[PDB]
Each structure stands twice: as C-alpha cells, then as structure tokens.
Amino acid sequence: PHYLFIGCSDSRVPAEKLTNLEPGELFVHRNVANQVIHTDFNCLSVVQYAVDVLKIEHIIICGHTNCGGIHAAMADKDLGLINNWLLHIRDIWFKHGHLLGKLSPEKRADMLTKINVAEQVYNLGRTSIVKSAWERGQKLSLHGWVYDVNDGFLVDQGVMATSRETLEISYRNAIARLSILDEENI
C-alpha cells in the first residue's frame, strides 16, 4: 500500500475507481462525512499506522457531492448519537457562515462539502503524527479531493500539502478560491 484514502461512508465509488490504482495500493478509512476529528482514536490510529509503520507517503481525503452526512449536518434534526459527530461539520458551517449565506440555498450543501475537505486536510496536517513526520524530513503529501457524483468526475480542489508551510498556504488559498462565487448566489 502506498496511499491512505479517507473517504465517506456514503460514497459508493470505491477508492480504486477514484484513484485508478490497483487493489493492494490503497489503505482505506471510511467514516461519516470523511472527517479527521482531532481526537478521534479510530482515524488517528489509522493515520499513525499508515505514516509511521507502513511508511505511506500519500494521504488522500476525498469528499463528494450529494453527501448524506453533509445534508444531515445541515438539516439539524434530532437524529440521536450521530448529531454529536456532525457538530464538527456545523462548526465548519458557522466558521464560514457569511460565505455560505451568499449562496442560493440549493448550492450551499456542495459548497459545505468542498469547505469540509479543505478543513479536514488542515486538521490532518496539524495532527502530532503528520507534523512530526514533516519535522523529521519524512516525505509525505496530503491531498483533498471532491468527487462529483452527478457527472462521475473528480475535482482535485488544489488542497495539496507537503510540509507545514504549504499546508497553511494551500488551506488559505483553497478557502479564498471557494469564496469567489460564480452563479450560485441571487
């Protein structure tokens, strides 16, 4: 395995399709809305294992459009235990509430999906695990993609980091690019 893939439990396309890699090359974690929560033991131990033990040099976080987890985060109904998991997504919503407010209602979900990926790569790059790997000169790249379920194509996004400094630049640029609106507003 040369790639750690963090995808959503909704996503129906296996990482094999979205990476074009042969089975065997992918180590895969899947959770609701493809999160890297700072203190999630499950995902963190996967990342530490991939980076420190398997010496994987690429981590891909992949979100997707029409994501039930994102939709569920936004609908904010009393879904039970999962609501607590999705509160990290609502924090990201409100961190970007002015931006999201400028979009037409039916465009906001897919913007949140893209913002989410950027935020999760930013979290991943700040883990003790990735920061330490970078500090000691280990080769490690982080990638944040979004897959369009409608037209079955990727969108590389451009969140790519190979060090703590490019993490800052890449994260900032991604949010700046997301803030430039097309025909999503009236």
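Sequential numbering from 1, following the sequence displayed.
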Which has higher Cα B-factors on average according to the PDB entry: 153-161 or 38-46?
153-161
Mean CA B-factor: is it higher for 144-152 or for 24-32?
144-152
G97: CA temperature factor from the record, placed by chain third, in the middle
Assert third(CA B-factor, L181) within chain per record equals highest
In terms of the CA temperature factor given in the entry, to which third of its chain does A109 belong: lowest, middle or highest?
middle
By the recorded C-alpha temperature factor, relative to the other modelled residues in its chain, which third is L103 in?
highest
Relative C-alpha B-factor of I82, binned into the chain's lowest, middle or highest third
lowest
